Structure formats: structure tokens, C-alpha cells
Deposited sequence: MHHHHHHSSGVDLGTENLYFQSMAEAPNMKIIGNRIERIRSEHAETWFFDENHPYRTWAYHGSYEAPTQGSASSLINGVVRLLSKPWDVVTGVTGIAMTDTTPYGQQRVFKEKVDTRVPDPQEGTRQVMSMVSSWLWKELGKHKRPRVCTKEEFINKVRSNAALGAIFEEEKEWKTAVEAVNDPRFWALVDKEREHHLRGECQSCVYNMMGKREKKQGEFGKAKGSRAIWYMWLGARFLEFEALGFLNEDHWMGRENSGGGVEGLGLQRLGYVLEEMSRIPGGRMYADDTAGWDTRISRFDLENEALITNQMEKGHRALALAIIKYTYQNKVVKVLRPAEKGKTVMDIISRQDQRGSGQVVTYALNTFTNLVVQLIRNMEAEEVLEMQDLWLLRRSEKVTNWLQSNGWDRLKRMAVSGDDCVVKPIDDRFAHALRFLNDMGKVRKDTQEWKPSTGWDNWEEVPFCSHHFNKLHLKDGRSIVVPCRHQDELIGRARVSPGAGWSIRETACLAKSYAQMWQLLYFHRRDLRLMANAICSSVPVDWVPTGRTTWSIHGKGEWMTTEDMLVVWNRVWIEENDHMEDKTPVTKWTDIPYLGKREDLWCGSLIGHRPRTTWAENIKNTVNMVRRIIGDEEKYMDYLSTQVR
């Protein structure tokens, strides 16, 4: 640990818990530096009532401790890549940042931009704390950019709103100005809705070359070298902005301080203060953009190895750099356009199948696939390629026009809709309406979801505005968060604004909108034809009437089932 960089944050924590602070010599940390400890102190009813057949489906109910996740997934370490691998990583990262910044200029994001963003802070004492920490950063110090780690048995790293603002201020431009958008990056998909991703995969399937590869703990494999290469963006910044960004990179990214809970004696709990120089601090403002960046660099490197630009001699030391520069200048852009990269999620269409066994740089970089030396298996059919937890299928409207829709196992969709965050009928009903409308826009092709969504919408007052979050994904554009008629919204998304729908004829009725074939719907978890589901569908109007009774029969409801 670099005590000159992390000491101030450790001292601040100790000062807030001076009387309970202690050093636990029997702490369980092996690859994280340990500094000390101190003493430390649901179901959406509306959706559950309307999804009785899924009460007995573990795939659904299972979706509804921290130390275990830490020891197994976060408390690990791997060797440094060799010198040549590190030179290649730096050269490709420098080239990529220059390409991304050719038609964009870095900028400081404003206090006002952050305020308008949170309405999806009003106290001036918060901004006084924010200004104070900023002043420490400009002097070369950090007092409060500390993570609170929350394990889900993956690891979620939380930081106070002030630290997130300082990060947004210095690096938010990457998101706000769409540096990782497809137009700017070739391989990125930032800003695209789930409704567009299938068309990207289909376009890639037509590029001549090998099979489509979609090889998947990414955040734990980000090295200190990846972090340094990500930091090369500061070279494109003007002095003032650069000072703010270098401080975020130093304290939030490269010299992290984390608070983690641990069980103690006789039902009590302790908080541990630990530190780590590498790995990604999951859930930060630009985590997604930086993961996309580094994943693009990794895929370009894998393509250079596959194409025999990089030889086995180059892992140890890269003697000549000209071959790499010539490949990047000649082919870099063509290779980026053969990718779809969304953070840690990637699909690649290489020029041939040598990519499958191009594993020497990949493994030396510590970017191990989810056997280490077994060649990757590519996909011949783009409709089966996994991307962002979905696969994408071509269906046809009643009039014959094709559409490409997103799909995933239905248990995941229903399981997520049954989760309600925080301990009222108003809030649960408005959140159920958000899920139902999301399903009408994107998963209309699933029989059980079209019916369940219509039952939910028929059970919630028509004038109640959808609220809450139905997804964390950047590909969730929230078009369903509205009281506008969902057939109108469906037409806007799938016909009007869909650049892959040549004929702009509107669709006038839901019956013209297809379902998957029965075989595919069943493969992806449909309970169609299963007796408890048949009973649920036959009884659905009575179930809707029961929910209307609970919410209030005085409210105005619409029958979306009729």
C-alpha cells in the first residue's frame, strides 16, 4: 500500500470511530492490504398476485454472505503480464484513445448537469462538502473517496454522492458525449436500446470472415496496467480539467480504500478497512465506459495475435513497434466495426477462425475465459449469439415485415418483476406497471408475458404513472415509463424511429405483432400448455378483479385483456 496516498482516508475513518477502532490480527484478507476495524450495527405483492404459476418455479423465486463473495471472487491476485504484452497494451490503448478523441474533445461536466441527471443535492451543505474534497484533490490529497462494499450471494462497490459527483465532473464526458457510441468507436454500442442490439449482431453476421465469438469476473481481472492505459485519456485534457481527472484516477481508481462488513462474536458485526491498487471498483460513474474501452483494446490484441501480427517472441519484449502501428492504421477501424462491446460483454466477427486459438496474449493479460487453453467455440447463427444477457430473434409482423427482437429465459424476467426495493400498494402497483409496459415494448413476443403484462395493466389505475427502475442496463432507455398508450410507443420504437424498418407503415393492432414460435417460447421458459398456467389464464379476469378491489374499486381501470 502507498500510505502517502491512502493514509488520509484511513485517518478520517479512524477519527469517526476512535473508541471502537481496533486491529484484528486474525482478519481473513490475503490479497488486500488490511488497516483496521471498528464495531458496526422483498416481494412486489401486485406482481406476485398476478403470477401464481411462478410461485413454485425456483428459477423465479431464487432471484428474490458478503464475506463469502469477497473470499471467493474479490480476494484473488494474478501475475503481471510480461513486458512485451504491457508494451502492446499501451500502444493499442494510446491508438484507441486517439481514434476516440479525433472527433470529440474532453470537457468538465457541470454541477447543473449532475442535478438534472439525479431527477430520473438541493441542500447547499452537500456542495460545500463537494467543494472541500475538490480543494483537497487540487492540492494532491483525498479525505473521503472511500467505497462501501456490498456483496450479493458479485460485489457491488458503493460511494457517497459527493465522490460520484467528483468522478462525474472529471470523467463524465465519456458518457455524456457518447465516446463509446457506435459512431465514435466502431465497436461500442453505448446509447443503443435493447431494441437495436439484435440488428447490430445481424449486420455483423454479414461481414465476411470467421464465426461470431462471444466469450465471457471481468472487474476483478482489470490490472494496474489496464488502469494506467485507461488513464492515457488525461493527455487530451486541458490543464485545469487534467488536475481534476488525475486526482479521480489516483484515489477512486488506482489507490482504492474500501469499507467491508464482517461477522463477529455473539451475533455482532465489524467493519474492515482494506485497500487495493488494481481491479475495477464496480458501479462507479464511468465503470461502463472504461470497461468498454479496455475490452475493445483486448479484442484488438486478440485479433493481432490471430492474424500472426504478434508472435510468441513478442510476449517477453516487443522489439519493433512498426508492425503493430501499421496493423492499427491499416485495419484497426475495420476490426472495431467487427465488434459489439458493451462493458465486459463482447461479440467479435474476426477475419477467419484463427481467433478461436489466439489465447497467448489474452491469458498473459489475465483476461481468462469463463479450460484456459481450449480454443473458443464460435457461433454460426447470429440468432443464438449471447450478448448483454439476451439473444436476438428475427420475427415477422402480420403484414410480412421482419423485426429483430430481444429475448432471454422468461424465469429471469418474471423473477426480476417480483422484486420490490424498500419497505405501499401505490409504489408496488406503479413499479408493476413499469415492468408490464417494458414487457409490452420489448418482450411482447413471449406468450406468458403479453398476458401477464395485460393483466397487470388492467389491475393498476390508468392514470397512475409508472415509477421505479426495471433495469440497471445502459440499454434500458425507459420508453415504457409513461402513461402514453403502449401501442403508440411500440410504433414509435419499432417502426418510426427504427432505422432497420424500411417501410414506415404503422401497426394498428396488437394481433399484428407476433409471438415467438411455440417451440422457441417453450425453449425459453414458457409455461404455455402446463396445467397451472392454463388455470391461471382461464382465471385471470377474476384475479384482476381481486387486485382492483385491493387498490380500490373507485379508481379508473382499463381492460387490456378483452
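Could you name the stretches of the deposited sequence that have no C-alpha atoms in this structure?
Model skips 1-26, 68-74, 98-104, 161-180, 214-226, 290-291, 446-447, 501-502, 642-645 of the deposited chain.
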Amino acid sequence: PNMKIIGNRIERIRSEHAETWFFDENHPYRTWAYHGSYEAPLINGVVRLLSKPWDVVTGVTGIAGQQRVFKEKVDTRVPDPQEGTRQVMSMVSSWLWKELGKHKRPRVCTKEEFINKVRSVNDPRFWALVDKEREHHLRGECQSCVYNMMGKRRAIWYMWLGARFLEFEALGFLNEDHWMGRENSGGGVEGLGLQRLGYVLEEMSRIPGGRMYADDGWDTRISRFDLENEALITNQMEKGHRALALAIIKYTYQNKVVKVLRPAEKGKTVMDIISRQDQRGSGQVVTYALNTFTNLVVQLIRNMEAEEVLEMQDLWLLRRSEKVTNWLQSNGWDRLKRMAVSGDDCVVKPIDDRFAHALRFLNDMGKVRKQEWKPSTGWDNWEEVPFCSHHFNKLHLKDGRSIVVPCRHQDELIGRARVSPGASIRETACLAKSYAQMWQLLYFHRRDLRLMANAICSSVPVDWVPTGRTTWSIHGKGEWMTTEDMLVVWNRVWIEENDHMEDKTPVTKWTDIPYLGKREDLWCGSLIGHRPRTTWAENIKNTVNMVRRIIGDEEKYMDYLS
From here on, numbers count along this sequence of modelled residues.
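For clarity, a rigid core is taken as the largest C-alpha set superposing within 1.5 Å between two forms.
Using the rigid core for superposition, please say which stretch has the greater CA deviation in 4 other deposited structures of this protein, 74-82 or 157-165.
After superposing on the rigid core, the more displaced stretch in 4 other deposited structures of this protein is 74-82.
424-432 versus 180-188: which one's CA atoms end up farther from this form in 4 other deposited structures of this protein after a core fit?
Looking at 180-188 versus 424-432 in 4 other deposited structures of this protein, the farther one turns out to be 424-432.
Tell me which stretch, 507-515 or 28-36, has the higher mean Cα B-factor listed in the entry.
Averaged over C-alpha atoms, the B-factors run higher in 28-36.
Looking at the entry, does 88-96 or 237-245 show the higher mean C-alpha B-factor?
So the stretch with the higher mean C-alpha B-factor is 237-245.
Among 303, 371, 342, 491, which residue carries the highest C-alpha B-factor recorded in the PDB entry?
Each of 303, 371, 342, 491 was compared by C-alpha B-factor; the highest is 371.
Take the CA temperature factors straight from the PDB entry and tell me which of 328, 438, 261, 194 peaks.
Within the set 328, 438, 261, 194, 261 shows the top C-alpha B-factor.
Lowest, middle or highest third of the chain for the C-alpha temperature factor of residue 256?
For residue 256, the deposited C-alpha B-factor lands in the middle third.
Would you mind checking where the Cα B-factor of residue 332 ranks among the modelled residues of its chain, as the lowest, middle or highest third?
For residue 332, the deposited C-alpha B-factor lands in the middle third.
When the modelled residues of the chain are sorted by Cα temperature factor, does residue 51 land in the lowest, middle or highest third?
Lowest third - that is where residue 51 ends up once the chain's C-alpha B-factors are sorted.
Looking at the temperature factor on the CA atom of residue 281, which third of the chain's modelled residues does it land in?
For residue 281, whose C-alpha B-factor we compare with every modelled residue in the chain, the answer is the highest third.
Ordered by C-alpha B-factor within the chain, which third holds residue 69? Give me lowest, middle or highest, please.
Residue 69: CA B-factor falls in the highest third of its chain.
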